[PDB]
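Undergrad: My structure is below; once you've seen it, I'll send some questions.
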Amino acid sequence: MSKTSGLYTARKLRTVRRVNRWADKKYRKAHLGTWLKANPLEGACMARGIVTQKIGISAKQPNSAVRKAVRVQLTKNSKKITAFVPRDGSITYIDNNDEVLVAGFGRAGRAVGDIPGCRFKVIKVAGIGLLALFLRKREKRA
Amino acid sequence: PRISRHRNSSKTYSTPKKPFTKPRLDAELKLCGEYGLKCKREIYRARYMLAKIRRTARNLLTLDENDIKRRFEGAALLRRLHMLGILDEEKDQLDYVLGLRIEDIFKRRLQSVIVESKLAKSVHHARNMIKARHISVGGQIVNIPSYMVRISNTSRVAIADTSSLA
Amino acid sequence: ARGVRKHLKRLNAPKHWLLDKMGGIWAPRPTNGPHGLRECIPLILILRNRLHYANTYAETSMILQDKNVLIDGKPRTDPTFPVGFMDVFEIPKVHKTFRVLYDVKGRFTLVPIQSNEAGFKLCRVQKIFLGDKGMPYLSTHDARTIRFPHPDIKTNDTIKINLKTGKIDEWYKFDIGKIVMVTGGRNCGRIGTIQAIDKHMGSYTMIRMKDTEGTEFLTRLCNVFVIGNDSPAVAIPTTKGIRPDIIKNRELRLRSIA
Amino acid sequence: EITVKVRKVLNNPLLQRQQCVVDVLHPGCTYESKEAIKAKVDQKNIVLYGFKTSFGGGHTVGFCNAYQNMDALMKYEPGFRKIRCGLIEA
RNA sequence: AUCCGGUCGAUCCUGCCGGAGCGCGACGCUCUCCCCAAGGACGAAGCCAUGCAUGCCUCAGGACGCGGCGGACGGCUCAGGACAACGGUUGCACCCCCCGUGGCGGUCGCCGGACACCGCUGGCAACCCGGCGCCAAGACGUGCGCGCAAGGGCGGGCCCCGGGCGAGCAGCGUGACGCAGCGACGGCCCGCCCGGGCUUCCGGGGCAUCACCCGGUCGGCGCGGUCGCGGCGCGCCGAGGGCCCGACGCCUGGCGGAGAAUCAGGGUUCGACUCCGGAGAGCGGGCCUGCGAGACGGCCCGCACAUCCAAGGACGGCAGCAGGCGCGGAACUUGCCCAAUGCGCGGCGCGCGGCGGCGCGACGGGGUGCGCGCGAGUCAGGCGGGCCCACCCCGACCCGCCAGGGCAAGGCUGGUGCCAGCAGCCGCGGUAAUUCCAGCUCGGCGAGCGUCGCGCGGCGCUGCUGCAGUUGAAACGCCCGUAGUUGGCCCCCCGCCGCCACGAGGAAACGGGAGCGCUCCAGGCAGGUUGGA
Ligand SMILES: [K+]
Ligand SMILES: [K+]
Ligand SMILES: [K+]
Ligand SMILES: [K+]
Ligand SMILES: [K+]
Ligand SMILES: [K+]
Ligand SMILES: [K+]
Ligand SMILES: [K+]
Ligand SMILES: [K+]
Ligand SMILES: [K+]
Ligand SMILES: [K+]
Ligand SMILES: [K+]
Ligand SMILES: [K+]
Ligand SMILES: [K+]
Ligand SMILES: [K+]
Ligand SMILES: [K+]
Ligand SMILES: [K+]
Ligand SMILES: [K+]
Ligand SMILES: [K+]
Ligand SMILES: [K+]
Ligand SMILES: [K+]
Ligand SMILES: [K+]
Ligand SMILES: [K+]
Ligand SMILES: [K+]
Ligand SMILES: [K+]
Ligand SMILES: [K+]
Ligand SMILES: [K+]
Ligand SMILES: [K+]
Ligand SMILES: [K+]
Ligand SMILES: [K+]
Ligand SMILES: [K+]
Ligand SMILES: [K+]
Ligand SMILES: [K+]
Ligand SMILES: [K+]
Ligand SMILES: [K+]
Ligand SMILES: [K+]
Ligand SMILES: [K+]
Ligand SMILES: [K+]
Ligand SMILES: [K+]
Ligand SMILES: [K+]
Ligand SMILES: [K+]
Ligand SMILES: [K+]
Ligand SMILES: [K+]
Ligand SMILES: [K+]
Ligand SMILES: [K+]
Ligand SMILES: [K+]
Ligand SMILES: [K+]
Ligand SMILES: [K+]
Ligand SMILES: [K+]
Ligand SMILES: [K+]
Ligand SMILES: [K+]
Ligand SMILES: [K+]
Ligand SMILES: [K+]
Ligand SMILES: [K+]
Ligand SMILES: [K+]
Ligand SMILES: [K+]
Ligand SMILES: [K+]
Ligand SMILES: [K+]
Ligand SMILES: [K+]
Ligand SMILES: [K+]
Ligand SMILES: [K+]
Ligand SMILES: [K+]
Ligand SMILES: [K+]
Ligand SMILES: [K+]
Ligand SMILES: [K+]
Ligand SMILES: [K+]
Ligand SMILES: [K+]
Ligand SMILES: [K+]
Ligand SMILES: [K+]
Ligand SMILES: [K+]
Ligand SMILES: [K+]
Ligand SMILES: [K+]
Ligand SMILES: [K+]
Ligand SMILES: [K+]
Ligand SMILES: [K+]
Ligand SMILES: [K+]
Ligand SMILES: [K+]
Ligand SMILES: [K+]
Ligand SMILES: [K+]
Ligand SMILES: [K+]
Ligand SMILES: [K+]
Ligand SMILES: [K+]
Ligand SMILES: [K+]
Ligand SMILES: [K+]
Ligand SMILES: [K+]
Ligand SMILES: [K+]
Ligand SMILES: [K+]
Ligand SMILES: [K+]
Ligand SMILES: [K+]
Ligand SMILES: [K+]
Ligand SMILES: [K+]
Ligand SMILES: [K+]
Ligand SMILES: [K+]
Ligand SMILES: [K+]
Ligand SMILES: [K+]
Ligand SMILES: [Mg+2]
Ligand SMILES: [Mg+2]
Ligand SMILES: [Mg+2]
Ligand SMILES: [Mg+2]
Ligand SMILES: [Mg+2]
Ligand SMILES: [Mg+2]
Ligand SMILES: [Mg+2]
Ligand SMILES: [Mg+2]
Ligand SMILES: [Mg+2]
Ligand SMILES: [Mg+2]
């Protein structure tokens, strides 16, 4: 019957499911424990760090552009990341020592769109929300 | 702990699963037009309050006509549905509960009752008059547009004796 | 812990006390005495919670300091004193005498009784044993002790005690066809006649009884109290140990607001 | 005001008092105080407390402790209610 | 009990990627009124200035002191610990227990002296103490008394089977020891009660790139120790004990349950925190006093850290309540009070707990009009409250956040010209852009909307119900074969399993659910003979 039947086979039916559960990439990513170790944010929604550089990144094949990003050192584990800055003209609030709050792009650690090697993005600069800085609701000191 | 930790609370509405469906999007605003509804939540609440009384009946109807659970809870459900006027006397069968719509629930609101007896010209004027403490239920001043009026208490809906319209 | 418990949270109090879950973090903890924690009621829960002679704890104390309450003929000055099944409850200044029994929902009720009845008590023989220098003793459901009992009295019988001398004047034997009342479980409070006794070697002995309308029920032998011989030796509530079904109870409830 | 009624009267010769629930009816107007309606419910042995007004007005419910002696009130009454009536003030 | 966009010139599939719902936190923007309500848990059980968290009543005006009861309960936390703990279910004929409530009470003439508070003198930086002296008891000490505390030797029947059992159990008699406890205001002792200690059966995480493991380990005999049984410890004797029905080892950002999130049915995931149980108090150990502690708002020692100082010494433990530092994406006042609910002593005590303050974590109700009267505010009096306030009553004045090509509801002008930028996915932009930046208009949800991460759903892409294996990923090259799983037909009316039904017994809160107009409502257990089934 391609599966075992019979009134006394509960142990086998449970062993098979336990073994074949690991064959799914989603389950293996969320349950094995290697992704939690390798995750730069250590399983958190966001993380703060200091900017070490400003950079421009080429887009992928069918598009043509220079995307604006920053290399960031993490406070809590001293890892190296790169984070994207959205919203036209926003790369002008980022001095080379500016505490930044950084979150993900969505897709839970996968690159999106046309930016090669980018999985994070800046949401706050030196204490102030970057979106409200673009919408002209608050301003930086000087 | 503090005593307040033992107090219960609950959500009383369910949002739909596909938000951007056109036919129920305009069917949902004809309802906001025939009744002075503030926002979509007051529709959601209604459907939620239907979805429970529909779950009970279908549980008892799967049972047998002579079981005590049917004899007890179906009688309780019918006795509760007849006092609020959500269901009428001539339908005293548990199978008459399943074909109920939301409009039956909306028709027993105080805002709707006062419109029926023509105390208010429209439903919007009725809502305004409700907020102004201008209407009493059984000699008791009721401020709530969403108030649910029992058939016992529908003979006795008036303007309040204390009022500027008296 | 490192020692005995002296507190009792409100949600952890026995469910037949009918305590309400707001209005307090704590509940009274019954003091040790004639009755256990689970099968009792703290005395305060009658004077304040039920009869409203007092309205707070502090003014419930002063009623019991000046000794206005007698339990089995003695003034108890302790608010968490455990009063329980068959205890005589007499308040003289209001001339109220009660006997503490169970109702048909397993809760304590007070039954008015006459001055010709409050001078005696029914106890259940819990055990016979040899004490010091080999003398015989019997122990009851009230933590009472009697030396040199008449040899006929055996375990599970009930005895009748005058409430001033503290001696025995009558006894009822546990048999077939005796009138009985259940003191705990889930048939607590209802009254019937014994029609079976099934012993199981090593294990519990079960009793089958039958009400006065003929309803039959079962329980353990540790829960059946004899109240007489085909006629109850005492007074019982108006319902007389007949338990309605939920439908008839509902129609009686509908009739009260009617 | 013009309408004062009482129910749930319990005589308590242990605390030397009588306990009551009082309903006050004042359609349209206020009832001005408890010190006012104290006449309808001697006067100095009446202890009035726990008064609530319903929504819209017109109804009030409260509680009465009516003592018989005067030592009884200084003995069995909480030490802050005797200051709300001006009887001690410390 | 629902799907939709993306592989091609076009087409049907497999298959994933993306979208659409609910919940929990964090971030952004924004906020009129009222009710309910969580709040330094998240590999830092990291470190702590200051104040508070435990007191209340026999002998003289009172304090003070002596004596007594309590401080082992209550509060905090989740570090350790995976055949533990914990949940249901048994037992002690192997046990200990304060208070309280019943009992019981037979034991080979009013005694003594001395300690603190206190006087007189001192030492010391301060912590803390010394010397001499008059004085009491419901404190000790010794005791007046009809002999009886522990332990011990004999008192059983050689198919099979009341004092009290299912069960030879408990008492008593009689020979020897012993001289305990209770007696200077009469209590040793006994039953119950609550509580504890262990204990029977079933349940009780992952990894096989951990296949063999253990040697007081498995059993027996004898003593010791314990409240008590027991390899619990010690001497002697034997070689046992566990394992693919997964032992042993390793790992866990592992406290368990009652429960919670999601939602056709079957399921998946999480169990910091309210109740119940366990464990700890910087980390190891040790102990005294007591009925009860291996106690940390008790003591002693080692270690790691701090504190004052005349340099001789003395001295500490916020995972209590506030508060601070550090850390982190992430979490409030150094408030008032014993009035309530309860606990200790009886009149007090109590950072238990209660009341206010901060509080868009989250819940519930009502507004920004209607065809012409209101609420939000203001000032007074009530009501309430430990005292003030909020609510209620009477009197006189008076949005926003995201979008607009498709998925997916909603389309004209200027700027920019593969640049700037958008875009979860398809894609958009090359100087006519339905998508960038703006203006107008329009759409959705709405005092609340968007973004990030995670759980559940979507998903019959984990499949027991219920997937796939000719060619899309997938039948071992073949035969034998143990454990495992499975096994034709037949006798009915016995026994022993399983299985179905009905009972008994044990916890509430949660979850359902009968009845009841907190003005409705989230609630609560109310109420007008009652009720909480
Ligand atoms: K198959
Ligand atoms: K299959
Ligand atoms: K198979
Ligand atoms: K089988
Ligand atoms: K499989
Ligand atoms: K504990
Ligand atoms: K103890
Ligand atoms: K204790
Ligand atoms: K409680
Ligand atoms: K409670
Ligand atoms: K509680
Ligand atoms: K107590
Ligand atoms: K489904
Ligand atoms: K396609
Ligand atoms: K093709
Ligand atoms: K396809
Ligand atoms: K923390
Ligand atoms: K912690
Ligand atoms: K975590
Ligand atoms: K977190
Ligand atoms: K911390
Ligand atoms: K003690
Ligand atoms: K102590
Ligand atoms: K805390
Ligand atoms: K833990
Ligand atoms: K104790
Ligand atoms: K065990
Ligand atoms: K066991
Ligand atoms: K066990
Ligand atoms: K087990
Ligand atoms: K494994
Ligand atoms: K050995
Ligand atoms: K041994
Ligand atoms: K040995
Ligand atoms: K050996
Ligand atoms: K294993
Ligand atoms: K942990
Ligand atoms: K289901
Ligand atoms: K499943
Ligand atoms: K299910
Ligand atoms: K499903
Ligand atoms: K918490
Ligand atoms: K805890
Ligand atoms: K807990
Ligand atoms: K608890
Ligand atoms: K507990
Ligand atoms: K506990
Ligand atoms: K605990
Ligand atoms: K502990
Ligand atoms: K520790
Ligand atoms: K320590
Ligand atoms: K330690
Ligand atoms: K230690
Ligand atoms: K220690
Ligand atoms: K102990
Ligand atoms: K120790
Ligand atoms: K220790
Ligand atoms: K402190
Ligand atoms: K902690
Ligand atoms: K505080
Ligand atoms: K910080
Ligand atoms: K910070
Ligand atoms: K108090
Ligand atoms: K005590
Ligand atoms: K407090
Ligand atoms: K007005
Ligand atoms: K006003
Ligand atoms: K005006
Ligand atoms: K106005
Ligand atoms: K006006
Ligand atoms: K845009
Ligand atoms: K995405
Ligand atoms: K998509
Ligand atoms: K697409
Ligand atoms: K153009
Ligand atoms: K799935
Ligand atoms: K599913
Ligand atoms: K499904
Ligand atoms: K198949
Ligand atoms: K392949
Ligand atoms: K292959
Ligand atoms: K292949
Ligand atoms: K094959
Ligand atoms: K194979
Ligand atoms: K083979
Ligand atoms: K074969
Ligand atoms: K074979
Ligand atoms: K085989
Ligand atoms: K087999
Ligand atoms: K099998
Ligand atoms: K088999
Ligand atoms: K077969
Ligand atoms: K069965
Ligand atoms: K309970
Ligand atoms: K009655
Ligand atoms: Mg504790
Ligand atoms: Mg050997
Ligand atoms: Mg748990
Ligand atoms: Mg827990
Ligand atoms: Mg906490
Ligand atoms: Mg402690
Ligand atoms: Mg310790
Ligand atoms: Mg931070
Ligand atoms: Mg409202
Ligand atoms: Mg599935």
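Undergrad: Quick one: what does P(r) look like for region C:98-208 with 10 Å bins over all Cα pairs, in whole %?
TA: Using 10 Å bins, I get a P(r) of 12, 36, 38, 13, 1 for region C:98-208.
Undergrad: Compute all pairwise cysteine Cβ distances in the protein assembly as shown, then list the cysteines with no distance under 4.7 Å to another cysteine.
TA: A:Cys45, A:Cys118, B:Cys32, B:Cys39, C:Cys40, C:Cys123, C:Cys188, C:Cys222, D:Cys29, D:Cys85
Undergrad: Let me ask something else. Calculate one ³J(HN,Hα) per residue across region C:234-240 by plugging θ = phi - 60° into the Karplus curve 6.51 cos²θ - 1.76 cosθ + 1.60, and present them in order as whole Hz with x for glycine and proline.
TA: Result, ordered by residue: 10, 8, 10, x, 5, 6, 6 Hz.
Undergrad: Give me the angle, in degrees from 0 to 90, between the Cα long axis of helix A:10-20 and the longest principal axis of the Cα atoms of chain A, rounded to the nearest 10.
TA: Computed tilt is about 30 degrees.
Undergrad: May I ask for the distance between the Cα centers of region C:12-58 and region C:125-159, given as a whole number of Å?
TA: So the separation of the two Cα centres works out to 31 Å.
Undergrad: Please state, as a whole number in µm²/s, the translational diffusion coefficient that the Stokes-Einstein equation yields for chain A at 10 °C and 1.306 mPa s, with Rh defined as the Kirkwood radius across alpha carbon pairs.
TA: Estimated diffusion coefficient is 88 µm²/s.
Undergrad: With the calculation restricted to Cα positions, what are the radius of gyration and Dmax of chain B in angstrom?
TA: My reading of the Cα-based Rg and Dmax gives 18.8, 58 Å.
Undergrad: For a Förster distance of 35 Å, can you work out the FRET efficiency between the beta-carbons of B:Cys39 and B:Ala75, rounded to the nearest 0.05? Don't jump to the answer; show the numbers that get you there.
TA: Details: r = 37 Å, r/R0 = 1.05.
E(calc), rounded to 0.05, equals 0.45.
Undergrad: Let me understand region C:54-148 better: what is its radius of gyration from the alpha carbons, and its Dmax, in angstrom?
TA: Expressed in Å, the Cα Rg and Dmax of region C:54-148 come to 16.3, 51.
Undergrad: Would you please give the residues with an amide H less than 5 Å from that of C:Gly228, counting only those at least 5 places away or on a separate chain, with H modeled from the backbone geometry?
TA: It is C:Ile179, C:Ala233, by chain and number.
Undergrad: Along region A:125-135, what does the Karplus equation 6.51 cos²θ - 1.76 cosθ + 1.60 (θ = phi - 60°) give for ³J(HN,Hα), rounded to whole Hz, x for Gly and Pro?
TA: Whole-Hz 3J(HN,Hα) from phi for region A:125-135: 10, 6, x, 10, x, 5, 4, 5, 5, 6, 5.
Undergrad: Sticking with this structure for a sec: Could you tell me how many degrees, from 0 to 90 and to the nearest 10, lie between the Cα long axis of helix B:22-34 and the main elongation axis, the longest principal axis, of the Cα atoms of chain B?
TA: 50
Undergrad: Also, I was wondering about something else. Got the relative contact order for chain C handy, in percent, Cα pairs under 8 Å and 6 or more residues apart?
TA: 12
Undergrad: P(r) for chain C, please, calculated from all Cα pair distances in 5 Å bins and given in %.
TA: Going from the shortest bin to the longest, the percentages are 1, 5, 11, 15, 17, 16, 14, 11, 6, 2, 1, 0, 0, 0.
Undergrad: Sticking with this structure for a sec: Skipping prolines and chain starts, which residues have an amide H placed within reach, meaning under 5 Å, of the one on B:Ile159, given they are 5 or more residues away or on another chain?
TA: When sequence neighbours closer than 5 places are left aside, the close amide H contacts are B:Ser136.
Undergrad: Region B:65-148: Rg/Rh from Cα coordinates, Kirkwood Rh?
TA: Answer for region B:65-148: 1.12.
Undergrad: Another question, then. Hey, for a label at B:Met148 modelled as a point 7 Å past Cα toward Cβ, could you say which residues of region B:1-20 have their backbone N under 16 Å away?
TA: B:10-14
Undergrad: Need one number: the % of Cα-Cα pairs in chain D sitting beyond the 18 Å mark.
TA: The proportion of pairs with Cα distances above 18 Å equals 46 percent.
Undergrad: For D:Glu77, D:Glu32, what ranking results if the residue with the fewest other Cβ atoms within 10 Å of its Cβ goes first?
TA: Ascending number of Cβ neighbours within 10 Å: D:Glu32, D:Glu77.
Undergrad: Something else: Over chain B, calculate the relative contact order: mean separation of alpha carbon pairs under 8 Å at least 6 apart, over the residue count, as a percent.
TA: Working: 155 pairs, mean separation 28.4, N = 166.
In percent, rounded to a whole number, it is 17.
Undergrad: Can you grab the distance from the C-alpha centre of region B:98-117 to the C-alpha centre of region B:31-89, Å, no decimals?
TA: Measuring centre to centre over Cα atoms gives 13 Å.
Undergrad: Apply the Karplus curve 6.51 cos²θ - 1.76 cosθ + 1.60, θ = phi - 60°, to the phi angles in region D:78-90 and return the couplings in whole Hz, x for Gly and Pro.
TA: In residue order, the calculated couplings are x, x, 9, 6, 5, 8, 5, 9, x, 6, 10, 6, 6 Hz.
Undergrad: A further question follows. Rounded to the nearest angstrom and ordered from largest down, what semi-axes does the equivalent ellipsoid of region A:28-71 get from its C-alpha gyration tensor (root of 5λ)?
TA: Over the Cα atoms of region A:28-71, the semi-axes work out to 29, 18, 7 Å.
Undergrad: Between A:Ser58 and A:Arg17, what FRET efficiency follows from the Cβ-Cβ distance if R0 is 41 Å, with the result rounded to 0.05?
TA: The calculated FRET efficiency here is 0.30.
Undergrad: While we're here: Treat region C:174-243 as a sphere of radius equal to its Kirkwood radius over Cα pairs and apply Stokes-Einstein at 20 °C in a medium of 1.002 mPa s; give the translational diffusion coefficient in µm²/s, rounded to a whole number.
TA: It comes out at roughly 176 µm²/s.
Undergrad: Note down the relative contact order for region C:1-116 as a percent, whole number, built from C-alpha pairs under 8 angstrom at least six residues apart.
TA: For region C:1-116, the relative contact order is 20 percent.
Undergrad: Testing the spin-label approximation: label points 7 Å from Cα along Cα→Cβ at A:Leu32 and B:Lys131. State their distance in nm.
TA: The two pseudo-label positions are separated by 6.0 nm.
Undergrad: Right, something else. In what sequence do B:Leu165, B:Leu29 fall when counting other Cβ within 10 Å, fewest first?
TA: Working: B:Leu165 9, B:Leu29 13.
Fewest to most other Cβ atoms nearby, the residues stand as B:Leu165, B:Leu29.
Undergrad: Something else now. Arrange C:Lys121, C:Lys96 by Cβ neighbour counts within 10 Å, fewest through most, would you?
TA: The fewest-first ordering by Cβ neighbours comes to C:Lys96, C:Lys121.
Undergrad: Translational D (Stokes-Einstein, µm²/s) of region C:1-116 at 37 °C and 0.692 mPa s when Rh comes from the Kirkwood sum over C-alpha pairs?
TA: So the translational diffusion coefficient is about 220 µm²/s.
Undergrad: Out of residues 5 or more away from D:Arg17 or on other chains, whose amide H comes under 5 Å of its own, with H placed 1.01 Å from N in the peptide plane?
TA: D:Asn12
Undergrad: Could you name the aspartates and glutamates whose alpha carbon sits less than 19 Å from that of B:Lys40, not counting residues in the same chain fewer than 8 places away?
TA: Answer for B:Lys40, where 19 Å is the Cα cut-off: B:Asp26, B:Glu28, B:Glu103, B:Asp104, listed by chain and number.
Undergrad: Now, a different point. With only alpha-carbon pairs counted, each pair once and no self-pairs, how large is the Kirkwood hydrodynamic radius of region C:121-171 in angstroms?
TA: Value: 11.0 Å, from the Cα pair sum.
Undergrad: Then there is this: What nm distance separates the two modelled labels at B:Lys118 and C:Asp175, each placed 7 Å from Cα along Cα→Cβ?
TA: If labels sit at B:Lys118 and C:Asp175, their model points lie 8.4 nm apart.
Undergrad: Rounded to the nearest 0.05, what FRET efficiency do D:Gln18 and C:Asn223 have when you use their Cβ-Cβ distance and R0 = 56 Å?
TA: 0.85
Undergrad: Just to confirm the number: angle between the C-alpha axis of helix B:41-61 and the first principal axis of chain B, 0 to 90 degrees, nearest 10?
TA: For B:41-61 against chain B, the angle is about 30 degrees.
Undergrad: Could you state the principal axis extents of the C-alpha atoms in the protein assembly as shown, from the largest down, to the nearest angstrom?
TA: 110, 81, 68
Undergrad: Note down the nm distance, to one decimal, between modelled labels 7 Å out along Cα→Cβ at C:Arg250 and at B:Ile3.
TA: Each label point is offset 7 Å from its Cα along the Cβ direction, giving 3.4 nm.
No value in this document is a laboratory result; all are computed from the given coordinates. Neighbour counts are summed over all protein chains in view; Cβ atoms, including those assigned to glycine, are modelled from backbone coordinates with ideal geometry.
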